[PDB]
Amino acid sequence: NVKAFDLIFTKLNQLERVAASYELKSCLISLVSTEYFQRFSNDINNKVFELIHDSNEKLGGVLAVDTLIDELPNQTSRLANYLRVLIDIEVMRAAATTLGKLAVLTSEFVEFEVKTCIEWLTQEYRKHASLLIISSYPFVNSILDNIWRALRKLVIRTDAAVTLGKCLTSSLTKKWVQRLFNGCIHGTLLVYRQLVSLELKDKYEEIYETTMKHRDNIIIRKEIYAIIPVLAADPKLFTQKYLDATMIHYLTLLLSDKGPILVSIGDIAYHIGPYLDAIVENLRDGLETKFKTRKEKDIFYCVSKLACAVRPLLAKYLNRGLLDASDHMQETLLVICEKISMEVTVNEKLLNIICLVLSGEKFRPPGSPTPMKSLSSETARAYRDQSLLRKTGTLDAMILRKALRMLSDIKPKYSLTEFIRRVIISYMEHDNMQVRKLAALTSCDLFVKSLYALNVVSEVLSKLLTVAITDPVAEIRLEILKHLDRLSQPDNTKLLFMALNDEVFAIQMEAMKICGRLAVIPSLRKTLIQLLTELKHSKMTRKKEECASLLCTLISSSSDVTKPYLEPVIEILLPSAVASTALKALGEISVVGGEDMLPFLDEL
Amino acid sequence: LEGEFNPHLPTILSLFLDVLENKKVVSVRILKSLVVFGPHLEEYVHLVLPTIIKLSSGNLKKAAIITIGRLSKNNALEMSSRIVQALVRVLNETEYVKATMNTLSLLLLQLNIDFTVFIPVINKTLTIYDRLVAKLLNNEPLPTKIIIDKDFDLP
C-alpha cells in the first residue's frame with residue numbers, strides 16, 4: 001500500500017511523479033509503527049537512492065528531505081544521503097537539496113571547504129552548494145581561496161561567488177579588495193564584472209574601459225561585458241550609449257547578433273530615440289527571421305520591458321512582425337498587454353486558426369490543421385489551448401465548445417479545462433441562452449467521464465447558478481456523478497452549492513443515512529467526507545435526523561480518526577441532548593488532545 | 001420476502017461485511033443473496049456491491065455481479081457510471097462474458113440518458129444487442145429484450 005506509492009515515487013515526468021507521490025506519501029502518513037515504519041523505510045530508500053542516484057533516486061530523495069522537513073535527524077540524514085550520493089547535475093541537485101534542508105555554518109563550513117577544495121585540486125557545484133546552504137569573512141576568505149583554485153565549473157564557482165557577494169550585502173572593503181585584486185582571466189573577470197556591476201565610481205570607470213575595450217573569447221566576452229554593461233547602468237549612460245550602438249551595428253550585421261542586441265536591450269531597459277527604435281525594428285525583423293531561419297524574440301521581449309513608446313506606427317509594425325513569428329506568443333501577450341490597447345485589441349482579435357468575427361458560419365469542423373510550416377498538429381494543442389487562455393486573458397461558445405470536445409479527449413487534459421475556465425469568465429450573461437446552459441452542462445457531464453473533472457467542478461461551481469438550477473434534472477445526474485467518483489469529497493462541496501430550490505436534500509438524507517449505517521477505515525474516510533458534505537450543505541434540518549446521526553457520530557468519537565472530530569464539528573455548526581454529549585466529548589478531547597490535536601481544535 | 005426492510009438492512013450489513021472478507025462460495029452466495037434481496041433500499045450495500053464488483057470468485061463472479069446488479073436495479077446512476085467506466089476500461093478473459101454481462105447490465109438499468117452510452121460508444125472501440133437496442137432507443141423507445149441475456153430470477 002504505502003510501499004506501493006513509495007516505490008512508484010522513487011522509481012518515478014519522473015520529477016513530478018516522485019514529487020506528488022512523495023508529497024501525498026508523507027502527508028497521508030500522518031506522523032511504534034509510525035516512527036519505525038517511516039524511519040526504517042525512508043532511510044532505506046535514502047541509502048537506496050544515494051546509491052542508485054537517473055535522478056529518480058535523487059529527485060525522490062530530495063523530496064523526502066523536504067517532506068521530512070515539513071534538526072539533528074535532519075542534518076543527519078541530510079549529510080548522510082547527500083554525501084552518499086555526492087562526491088550529472090546530481091551535484092547541483094543534492095547541493096540545493098541540502099542547502100534548503102539546512103538553511104532555507106560549522107559542519108556546513110567544514111564539509112564545504114573540505115569537499116570544495118577536494119575537487120578543486122587539479123569544487124564548483126560544492127562551492128555553490130555551501131553557498132546556497134549558508135545563504136538565506138569566513139565566506140570572504142573561503143571564496144578567495146576557492147576562486148583562486150578554480151579560476152582560471154567556473155560557472156558554479158561564479159555561482160558561489162555571486163552568492164557570497166549577495167550574502168554579505170566593512171565586508172564591502174574586503175570585497176572591493178578582492179575586486180581590485182582580480183582586476184589587477186576570462187571567466188574570472190566575467191563573474192567579477194557581473195556581480196560587481198550588479199552589486200562604484202572608478203570601479204564602473206575601469207569597468208567601462210576594459211569592457212568597451214574587449215567589445216570592439218567572443219561569446220565569453222560578449223556575455224561578460226553585456227551583463228556588466230546593463231548591471232552597471234549619464235556619463236556611464238552615454239559611454240554605454242556609444243559603445244552599445246557601436247557594437248550593435250557591428251555584430252548586426254556581420255552569435256554576437258543577439259548578444260549585443262541583448263546588451264542594447266538591457267540598456268533600453270535601463271533607459272531621435274525613434275531612430276534607434278526603427279533600427280531596433282529592422283533588427284527585430286531580422287531577429288524574427290533569425291529564429292525563423294533557426295525554426296528569438298527575447299530581444300523584442302526586453303525591448304517591450306524597456307518602455308512603451310514609438311507609437312502605433314512602429315508599435316503595430318513590430319506587432320504584426322512578432323505576432324507572425326511558443327511562449328514567444330506568451331511573452332508577446334504580456335508585452336502587448338503592457339503596451340496600450342489598440343494592438344492589444346488587434347492581436348486579441350487575431351485568434352489565429354481559425355477564428356474571427358463575423359460570422360455564424362465556419363465553426364464546427366476546424367478540423368483544418370492548416371500547416372504553414374506545418375506540424376504534428378499536437379504542439380499547437382497544448383499551445384492552441386495556452387493561446388486560447390491568453391486571448392481570453394455563441395460563436396465564442398460554439399467554437400470553444402467544439403474545440404474543447406475535440407482536444408480534451410484526446411489525450412491530455414488541456415482543452416476541456418481551458419475552455420471551461422474560458423466560457424466560465426466569458427458569458428452568463430448571456431441573459432437568455434438555452435444553448436449556453438445546455439452545452440455547458442453537456443460538457444459538464446462530459447467531464448463526469450479524472451482530476452480534470454474535479455477542478456472543472458470547481459470552476460463550474462464558481463459559475464453556478466440558475467444555470468445549474470435549470471440543470472437540476474441533469475444536475476441530479478451530476479449528483480449521481482458526485483456520489484460515484486472517489487476523492488468523492490471533491491464532489492461534496494460542489495453538491496453543496498446546488499441547494500435551494502432542489503429536491504436534493506431528500507437524496508442527501510439518503511446518502512447521510514447510508515453513511516450512518518455504514519458506520520471500514522476507508523469507509524470511515526468516506527464517512528468523514530460525507531460529514532463535510534453535510535457541513536458545506538448548510539441548507540437545513542433534517543433536524544432529528546441530524547440529531548441521531550450526530551449521536552452515531554458520538555459513538556464514533558471513540559478511537560478512529562479526526563473524522564470523528566470534524567463530524568462533531570460540522571454537527572455543531574448546524575447549528576439542544578446537547579449537554580451530556582458536549583461535556584463528555586469535549587472534556588475528554590481536551591484530556592485527549594495529546595496526541596490528536598485535531599481533536600482539541602475540533603472541540604473548540 | 002420483505003421484513004424487515006431494516007432487520008434485513010443491518011443484517012444485510014453483516015452479510016456484505018462477510019462478503020468483503022478466494023472462496024467461490026463467497027461469490028456464489030453473494031450474488032445469490034443479492035438477487036434474493038431484490039428490492040429495494042439497500043444503498044451503501046449497493047455501493048459496496050459495485051465496489052466489491054470493481055475488484056475485477058473470479059471474473060465470472062464479477063460478471064454475475066454486474067448481472068444481479070442490473071436485475072435488482074433494472075438511483076444508482078452513480079455506481080452505474082462508476083462500474084461503467086470500470087468495465088468499459090477493462091474493455092479494450094471475461095472480455096466476452098464481460099461484454100455480454102455489461103451490455104445487458106446497461107440495457108437493463110439504462111438509459112433515458114444518452115450521455116453514458118455516448119461516452120461508452122467511444123470507450124467501447126475495440127457488443128451488438130447492446131448497440132442494437134442503443135441506437136434503437138436513440139431513435140425511440142422499446143421494452144424488454146433483456147430476457148435474451150439472462151433468465152432467473154427463480155421464485
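Residues numbered from 1 in each chain as written, not as in the entry; some residues may be left out. Chains lettered and ligands numbered in written order. Part of a larger assembly, values for the part shown. Heavy atoms only, no water. Residues with missing side-chain atoms left out of burial classes, pairs and counts.

Structure determination for this entry, per the PDB record, employed cryo-EM and reached 6.70 Å resolution.

The name the PDB entry gives chain B is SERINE/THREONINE-PROTEIN KINASE TOR2, with Kluyveromyces marxianus as the organism. According to its PDB record, this entry is titled "Cryo electron microscopy of a complex of Tor and Lst8".

The PDB entry annotates chain A as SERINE/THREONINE-PROTEIN KINASE TOR2 of Kluyveromyces marxianus.

Within chain B, the regular secondary structure consists of 8 helices and 0 strands. For chain B, the succession of helices and strands along the chain, N to C, is α-α-α-α-α-α-α-α. Compactness check: chain B gives a C-alpha radius of gyration of 15 Å against a globular reference of 15 Å for 155 residues, within 12% of the reference. Projected onto its principal axes, the C-alpha coordinates of chain B cover approximately 45 × 30 × 25 Å. (Helix = DSSP H or I, 4+ residues; strand = E, 2+ residues; numbered from the N terminus. Rg over C-alpha atoms; globule rule 2.2 N^0.38 Å.)

Take the overall build of chain A next. From N to C terminus, chain A includes 35 helices and 0 strands. Projecting the C-alpha coordinates of chain A onto the three principal axes gives extents of approximately 90 × 70 × 40 Å.

Let's shift gears to the interface of chain A and chain B. One frequent convention defines the size of an interface as the accessible area lost when the parts assemble. Taken residue by residue, the interface counts 4 residues in chain A and 5 residues in chain B. Top element by residues in the side of chain A that touches chain B is helix α28 (residues 472-484) of chain A. It accounts for 3 residues. Residue composition of the side of chain A that touches chain B, by class: 3 nonpolar, 1 polar and no charged. (Contact = heavy atoms within 4.5 Å. Nonpolar A, V, L, I, M, F, W, Y, C, P; charged D, E, K, R; others polar.)

Attention now goes to the packing of helix α12 (residues 186-198) of chain A against helix α14 (residues 219-232) of chain A. Residue and element names in this part refer to chain A. With their axes 8 Å apart at the nearest point, α12 and α14 run at an angle of 10° to one another. What the angle tells us is that α12 and α14 run roughly parallel. In this structure, α12 crosses over α14, and the sense of that crossing is left-handed. Contacts between α12 and α14 involve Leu 190, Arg 193, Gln 194, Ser 197 and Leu 198 from the first element and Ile 224, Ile 228, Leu 231 and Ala 232 from the second. Of the residues belonging to the contact of α12 with α14, the class tally is 6 nonpolar, 2 polar and 1 charged. (Axes fitted to C-alpha atoms, helices over the stretch in contact; angles between N-to-C directions. Parallel < 35°, antiparallel > 145°, perpendicular 65-115°, else oblique. Left-handed = near helix turned anticlockwise from the far one by under 90°.)

With that settled, the discussion passes to the environment of A:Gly60. All names here are of chain A. Structurally, the position occupied by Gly 60 is in helix α4 (residues 56-69). Separated by 10 residues in sequence, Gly 60 and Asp 70 have C-alpha atoms that sit 15 Å apart. Setting aside its immediate chain neighbours within four residues, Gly 60 contacts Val 18 and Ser 55.

Another point: helix α24 (residues 415-426) of chain A. Counted at 1.5 Å a residue, the expected span for α24(A) with its 12 residues is 16 Å, and the 15 Å between its end C-alpha atoms agrees. With its phi angle positive at about 60°, A:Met428 sits one or two positions after the end of α24(A). (Expected span 1.5 Å × (residues − 1).)

Residue A:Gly367 is bonded to the preceding A:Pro366 through a cis peptide linkage, with omega at 5°. Positionally, A:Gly367 belongs in the loop between α21 (342-348) and α22 (379-392). Residues B:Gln110 and B:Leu111 are joined by a peptide bond in cis, for which omega reads -10°. For B:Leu111, the position within the fold is in the loop between α6 (95-109) and α7 (114-124). With phi around 60°, B:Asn74 is a residue other than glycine that occupies positive phi space. Within the secondary structure, B:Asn74 sits in the loop between α4 (59-73) and α5 (77-90).

So, on to the packing of helix α23 (residues 395-408) of chain A against α24(A). Residues and elements named next belong to chain A. One can describe the packing of α23 onto α24 by two numbers: an axis separation of 7 Å at closest approach and a directional angle of 155°. One way to sum up the angle between α23 and α24 is to call them roughly antiparallel. The segment α23 lies against α24, with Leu 400, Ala 403, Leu 404, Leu 407 and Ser 408 engaging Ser 415, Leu 416 and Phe 419. Split into classes, the residues belonging to the contact of α23 with α24 amount to 6 nonpolar, 2 polar and no charged.

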